[PDB]
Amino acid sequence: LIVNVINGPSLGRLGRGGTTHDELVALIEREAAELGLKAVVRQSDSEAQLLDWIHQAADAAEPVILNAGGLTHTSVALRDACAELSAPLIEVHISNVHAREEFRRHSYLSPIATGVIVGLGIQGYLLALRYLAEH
């Protein structure tokens, strides 16, 4: 029923691609409604903030769609917290990371994720919702 969408740094800057973070929340909320889900979308540049939201979803046994931004490639902490999730974890990148710098082609999160969606824009979020609806 409930799905957590968690955005790391600096996804607050979407727009500043026309879509803003707020537009994104709204798109996600609408699609969620359509799927009979409730989406809790949250963004933070703070690793610790993210860890806290992840722990919460671990305790509630809620699924997570997670776009960690740059922490994806760097944070073992975040990985460890996600590793505790018992519901599904979908990792999401808007851009195709494999078309950029080699360092972006590694993720500490993918191996503990259920699955990963990259390069499909903001629609990756919606497709992740839909996966979770049909599961």
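In case it trips you up, residue 1 is the first one in the sequence shown, and so on.
The deposited sequence places 4 to 9 unmodelled residues between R16 and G17. In this entry, 35-43 has the higher mean Cα B-factor, the comparison being between 63-71 and 35-43. Per-stretch averaging of Cα B factors for 26-34 and 74-82 places 26-34 on top. The deposited CA B-factor of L127 belongs to the lowest third of values across its chain.
Ranked within its chain, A133 lands in the highest third, by CA B factor from the PDB record. In the PDB entry, a CA B factor belonging to the lowest third of its chain's modelled residues is recorded for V5. Sort the modelled residues of the chain by CA B factor and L50 lands in the lowest third. Split the chain's modelled residues into thirds by C-alpha temperature factor. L109 is in the middle one.
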